[PDB]
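In the order they appear, the protein sequences are chains A, G and F. Here the first sequence stands for residues 35 to 50, 69 to 76, 81 to 94, 102 to 140, 147 to 183, 190 to 395, 412 to 474, where the numbers follow the entry's author numbering. Here the second sequence stands for residues 35 to 50, 69 to 76, 81 to 94, 102 to 140, 147 to 183, 190 to 395, 412 to 519, 524 to 661, 704 to 897, 910 to 934, where the numbers follow the entry's author numbering. Here the third sequence stands for residues 475 to 519, 524 to 661, 704 to 897, 910 to 934, where the numbers follow the entry's author numbering. Every residue, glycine too, gets a C-beta built ideally from N, C-alpha and C. Here the structure is laid out as structure tokens; the discussion comes afterwards.
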Amino acid sequence: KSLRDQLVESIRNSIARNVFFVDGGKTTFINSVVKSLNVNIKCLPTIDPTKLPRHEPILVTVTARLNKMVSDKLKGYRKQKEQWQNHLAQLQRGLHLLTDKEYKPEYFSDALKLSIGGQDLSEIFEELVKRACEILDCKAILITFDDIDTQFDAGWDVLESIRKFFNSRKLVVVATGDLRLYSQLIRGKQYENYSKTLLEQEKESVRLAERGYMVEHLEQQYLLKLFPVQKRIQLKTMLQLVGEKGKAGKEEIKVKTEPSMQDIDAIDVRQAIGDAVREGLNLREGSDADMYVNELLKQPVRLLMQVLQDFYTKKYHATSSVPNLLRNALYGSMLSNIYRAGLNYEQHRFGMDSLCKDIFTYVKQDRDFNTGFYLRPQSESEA
Amino acid sequence: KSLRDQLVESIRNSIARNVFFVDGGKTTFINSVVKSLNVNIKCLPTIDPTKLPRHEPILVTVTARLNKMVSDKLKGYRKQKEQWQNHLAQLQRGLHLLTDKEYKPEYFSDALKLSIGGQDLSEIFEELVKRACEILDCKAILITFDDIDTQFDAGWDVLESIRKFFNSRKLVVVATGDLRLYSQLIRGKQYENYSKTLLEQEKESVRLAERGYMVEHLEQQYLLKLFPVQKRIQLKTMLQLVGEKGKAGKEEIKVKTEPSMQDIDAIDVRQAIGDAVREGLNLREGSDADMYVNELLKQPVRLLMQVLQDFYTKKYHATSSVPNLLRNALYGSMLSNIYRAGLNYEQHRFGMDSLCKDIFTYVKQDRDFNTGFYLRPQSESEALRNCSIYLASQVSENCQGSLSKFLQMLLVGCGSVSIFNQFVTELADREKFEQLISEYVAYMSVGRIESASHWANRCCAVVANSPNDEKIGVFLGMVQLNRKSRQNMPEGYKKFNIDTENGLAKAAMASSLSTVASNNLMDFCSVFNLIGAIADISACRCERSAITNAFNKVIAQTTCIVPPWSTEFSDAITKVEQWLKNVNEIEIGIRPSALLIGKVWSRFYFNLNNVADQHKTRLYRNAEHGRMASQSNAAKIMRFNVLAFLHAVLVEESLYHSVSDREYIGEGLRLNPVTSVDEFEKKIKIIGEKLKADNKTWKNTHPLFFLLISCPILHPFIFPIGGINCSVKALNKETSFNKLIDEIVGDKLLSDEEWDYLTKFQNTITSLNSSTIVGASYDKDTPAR
Amino acid sequence: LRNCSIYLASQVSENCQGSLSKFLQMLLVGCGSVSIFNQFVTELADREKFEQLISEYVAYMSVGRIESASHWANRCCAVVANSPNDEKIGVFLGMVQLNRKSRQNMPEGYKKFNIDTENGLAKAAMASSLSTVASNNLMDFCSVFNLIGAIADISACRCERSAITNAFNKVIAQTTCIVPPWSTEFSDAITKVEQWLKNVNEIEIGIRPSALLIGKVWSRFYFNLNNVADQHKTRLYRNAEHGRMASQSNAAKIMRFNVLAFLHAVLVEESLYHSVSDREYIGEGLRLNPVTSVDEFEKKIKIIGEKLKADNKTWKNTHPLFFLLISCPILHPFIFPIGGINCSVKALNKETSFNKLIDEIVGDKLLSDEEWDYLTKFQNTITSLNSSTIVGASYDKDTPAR
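Written out as structure tokens, the structure reads:
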């Protein structure tokens, strides 16, 4: 992408917070960036916070990956090393601070032997990063964090590590995900600070209202802090990568419907969807088919991938009822949505007795009751 | 800053509680102070309570930093040292007191060996500070605490350490943050002291009330204690550092927009914001742009920094749509605010279907429902005030360069708020009120409209299930025409028939037809549906065939339900095809604001009720032919409803359209054409010959009015049969009203030989005059003399 | 709350200091936003319901987010106009609801209200008080609050003459608003407002009011207002027009005394509770309000008038706010309107001697004798409100004997 060139190239002249955020594929784009960086900038292997050991601070993972990169370099082609070890061991023995149930006085003696005073892990990690940058022939080390949609608790550890430890020039951070998720995490953590019995005592509408405005201000400032607006990345969607109604279509990509498809017969991408929709909905080429296609192009890119692939593979199947094929693909792809709405789960009673009741249920939650039986995709919500 | 000189200099002569508090950049100011101190006062490195190890008392961090400063000094240039060690070790071994789950007796023996008695950590730390002051050649050691906005639990440890340990001359404390946060912390800690089962037992309103007053007194005394009022620091805001309206501006600072900006080209700071706001909101230099800038200057200084930097860097980008740039910057900067309000998160469905629903949601939480569609930043709260400017940017970007989308904004968004107030609020508890809104959205199609005419069709039903006072079919902006020929008429009064109307007059007339299917399937001739029709043939396409079915959608009898709470057109199409091309070339040069669109609606909506009242009580048996100012019929009402639109657009667009720097309308007393065209004949005209002395046309300036006045759909309603006043006095305007219109449109509207019949037929309505209106008894005659 | 009271008193004292516009603001938006709620909105209201009624009353009233004082007064007209009873006359608290449809059979010369027959400043003063409320009938109210709101809006515009021009056009223009969700030709007048605004500008800076003064000025004003709403209510006879007497009242006399009720309220409390002078010049006397005649107003000005001289003081240094208000061209047409002047041998001795005292304060002489003579049997004087019919007014009996 030219947008990944964006991210690389602004990162390049961003060192001559320092955190770049990407909305949203996220994983594929992050990996592309990691590569395009290989004017030197080191890049740690992408960290997936949802796949790490559970109770393991992000600082531990970052330091371990940095240790492997530094030792792999140090190995080829000793004076430098034990003084990398020095900071590694001292960072270690200073790492009880993150994990302890409480403070015990034996840790005072640990804080009085000797550039600020004490055992502040921020300083030790920043010298560790200075170590790594001197050793690796690099200035800044790109700590890149992967999306957290699966389990967004780990996002809090990521945010705290970014705030407290990765705040340094020798580090540039690229995080990705959905900013609503981080909003949620931060707001919940901000509510955590209010004292218990205060919350159970002051329960007038004014108190909840002002505490809401207040957790507002705090969460907003937190996010403007860790994720500067100027450093946030697009990651457009599909409909933006293709034409709207024929008056657009920057960098069309094409999809492949058949096995042979010698990179010339590939029937577009807007087409594949239009053709599935027109065949399986029996809709003609009116503005209504382009309608359904437009809505379906706005989908999470995986959902479109899976529906469009199931349909066409089973279609090859059928040719060694298209609406049956599209219906099966849509049932599987939108399965969580229909199971939300209370529509019929079973395939063995699709028939049409359950179809009418499904439409009535959909109309009931879509309200409407006037154009709802059209089944046009106009509703409040994705589901 | 001179204010940091303040803090340093009062601290300097404050030692010759002792805690200085700073409201709120806090971090930058604190660091500046730490420096300005380097008459000696030692200063510990600034402590950030949110970045310390978790379970670590503030005393530990303070003592460690003091130990490093003392040992770094002690190193250069032994008798003193082991007696610093003595206090360090004894403070240590006396530090189990802060951390223990409980007391164990082995600690008694620790408290009996030997200036007060025991192992009180306060004394040991105060001697440690005396140690450090003797060693370092200083009197007082500035323990400076950094802001805690991130995680304000640590503020409690800070407060307790200040109260119990840093209370000493050899220590001066500078804390910073927001005093509401510390209020919260202290109040919660005070409630902590009340016994459990007491709290679960005494739960009368009096008990909670007195315990509230009581935690009041305690928290207040705590804060007056730890943070003396005389020692609290300003830390002004941005708007105070710059001018209010040009009558201020102490120590202006300037921002830099471009990379080169050789420390002279820096275009101010108030300017950068004013220029972003005026470009991305399309707001002109009126008091409204300085408005938005004033509100945005009051923001947390980081938010302004980030929005103002994103906008201008991406602007450099664009020059190797400004409203798109400002909208993106505002969306990112105010992201938490909009995500609070429940507005659309996604960028991939910004469009304008979600824009109208966003405005309705904002108005719902801003209450108002009367000026809310203005999107002015006036709300209770920071969150909705931010959302207002973000939505203004959304409107400016989405409506830019589109006459269809302008009418959309105007109708769906603003009307979706006005209609609700005056015709749906009479029903509505909060649970019930929102659900009434929920259907009003669902029925109105707000957020999911197909077409503007569809909204207007549904608007007819909503408006038509409330009015009273003799039950006439003369509603807000419409006339309910009789469709059953079962009523005994005086004179030539009879039904309405679409077949006797011809060509464009029929097409214009049929666009306004609206059928509502409650139980009687009436038919309304409504101005909204005509406006909705115009929106639907404004962005179809270059085709002539596409215009054809665009007609057939709005021309055809459109029938809808009341809410759940009560060949022959050949030349007209070329003409609409004509005017659409005319719109297409030159609609792209239109940058409206939520202010302009809201104010055009305000005039239009107001002018509408004057027509709904003045012309209501003038439906006589001979009032037809509308020859006079005090005779009205179904044709005169509709003509002035159409004229009310065009006048509203002309006036506000002469005032609030960012295509021209100034008004061509003049400083005058501004009225609406209700029963005659005095005011409309006027303003066009006074603008008409000013444009020439200014060497301007109706094209370059006043685009929207020019496109609307030139619409063939509107022309039949402008000079209908029986809607033209025929007095010697009244004609001098109306004949001179015609000329001005022709001169703008570029083609001459009615032939004299068509003009003569009017004042003594295609493209002119000839059957609405004698169409009877429901409830109009039509039994009385016009007054004489 | 006791601490909050003194804090808010300090807020009022600081913010209203040196500003006649902000003084009227405090007075109207703040204090009125409380009284109006009591007497016209409490009849509806549970605590959950009560606060929500307040929440809309704030939201509709624009309390906390007002654009202009006239906007508040326009919304105040609707709130006041959805409760009164007892024969359903259009004589409300501080206002008159004028008929706008000429469909009613009149005795005598009674007819509509028309703004076109009024001229120059009289028109401008009259049109400022026009208020339209759009519930279902779009009536028109001539309200003292909107006139006070108008004065506030042309008190802090600026030094310009053009800025005053559109300041007029905002308050002059037909202002139309909804009921709450719970029911060329002005050339010389502008120079004059431009005149009086400069007069205000030099010397408004020397005005330091208190929550006590502002609250007490409102208390007198608000009280005087209901005496006018009752004494003049039951005096609308067919021949009560020309207002020649104390027991004959019309739409012009009611409004004049509503304006006089304001000016008297300011004069009295400001003689008592304004920190610009150490003492009162009003005297230890029994203190009444001008309701049906100007006995009390002719009085206090005067007793203050010649005390100021023995004390070597002027209406400038002492009693600033009253001096600025009495000198406002906007108010003058309502002071001596046609049919609002009592024409009894007894009653005139005050009113002719009421005129002199006013001229001597303002510094310019208000009406020419040859304008004064027509009054006591025309620009800068209201001549069309006398014969303007009021809704509900019987207008059938003329001064019922005994």
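Any chain G beta carbon closer than 8 Å to residue i
i, result
"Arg525/F", "no"
"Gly193/A", "yes"
"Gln295/A", "yes"
"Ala519/F", "no"
"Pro585/F", "no"
"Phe85/A", "no"
"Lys579/F", "yes"
Neighbour flag for residue i against chain F, beta carbons, 8 Å
i, result
"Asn778/G", "no"
"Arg934/G", "no"
Straight-line Cα distance separating residue j from residue i
i, j, result
"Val865/F", "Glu871/G", "55 Å"
"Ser609/F", "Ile629/F", "15 Å"
"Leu299/A", "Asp253/G", "18 Å"
"residue 698/F", "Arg799/F", "Residue 698/F falls within a stretch that is absent from the model, since chain F runs 661 to 704 with no residues between."
"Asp444/G", "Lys496/G", "10 Å"
"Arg639/F", "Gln715/F", "10 Å"
"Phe177/A", "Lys150/G", "18 Å"
"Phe591/G", "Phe854/G", "15 Å"
"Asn435/G", "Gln485/G", "11 Å"
"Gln469/G", "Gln226/G", "30 Å"
CB contact check: residue i to chain A, cutoff 8 Å
i, result
"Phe646/G", "no"
"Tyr266/G", "yes"
"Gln384/G", "yes"
Residue i: CB within 7 Å of a non-hydrogen atom of the ligand HEM
i, result
"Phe220/G", "The ligand HEM is not among the ligands present in this structure, which contains no ligands whatsoever."
Presumed contact (8 Å Cβ cut-off) between residue i and residue j, rounded CB distance
i, j, result
"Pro857/G", "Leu917/G", "6 Å"
"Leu501/F", "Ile727/F", "Wrong, their Cβ atoms sit about 13 Å apart, outside the cutoff."
"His852/G", "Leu886/G", "6 Å"
"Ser813/F", "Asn862/F", "6 Å"
| Just checking, does the stretch 205-216 of chain G make contact with the stretch 249-257 of chain G on the three C-beta pairs under 8 Å criterion? | no
Requested in this report: Could you please tell me which residues of the stretch 543-563 of chain G, in chain order, have their CB closer than 8 Å to any CB of chain F?
Outcome: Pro562, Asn563
If we count Cβ pairs, one from each stretch, closer than 8 Å, do we get three or more for the stretch 789-809 of chain G versus the stretch 881-897 of chain G?
no
Which residues of the stretch 627-641 of chain F have a Cβ closer than 8 Å to any Cβ of chain G? Give them in chain order.
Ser640
Count Cβ pairs between the stretch 556-565 of chain G and the stretch 715-723 of chain G that sit closer than 8 Å; are there 3 or more?
no
Going along the stretch 239-250 of chain A in order, which residues come within less than 7 Å of chain G, judged by CB to CB distance?
-> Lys239
Using 8 Å as the Cβ pair cut-off and three pairs as the minimum, do the stretch 751-768 of chain G and the stretch 618-634 of chain F touch?
no
**Request:** Would you list, in chain order, the members of the stretch 610-623 of chain F that have their beta-carbon closer than 8 Å to a beta-carbon of chain G?
**Result:** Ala612, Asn614, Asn615, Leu616
Query raised in the report: On the three-pair Cβ rule with 8 Å, is the stretch 573-589 of chain F touching the stretch 767-777 of chain F?
Result: yes
ask   = Can we say the stretch 704-711 of chain G touches the stretch 633-648 of chain G, given the rule of at least three CB pairs closer than 8 Å?
value = yes
May I ask you to verify whether the stretch 278-297 of chain G touches the stretch 310-319 of chain G, counting CB pairs closer than 8 Å and requiring at least 3?
no
Exercise. Going along the chain, which residues of the stretch 721-748 of chain G sit with their C-beta nearer than 8 Å to a C-beta in chain A?
Worked result: none
Q. Quick check: the stretch 109-127 of chain G against the stretch 164-173 of chain G, are there 3 or more CB pairs under 8 Å?
A. yes
task = May I ask you to verify whether the stretch 289-305 of chain A touches the stretch 417-426 of chain G, counting CB pairs closer than 8 Å and requiring at least 3?
result = yes
If the cut-off is 9 Å on Cβ atoms, which residues from the stretch 914-933 of chain F count as contacting chain G, listed in chain order?
none
*asked:* Across the stretch 223-241 of chain G and the stretch 108-120 of chain G, are there enough close Cβ pairs to call them in contact, namely three or more that are closer than 8 Å?
replied: yes
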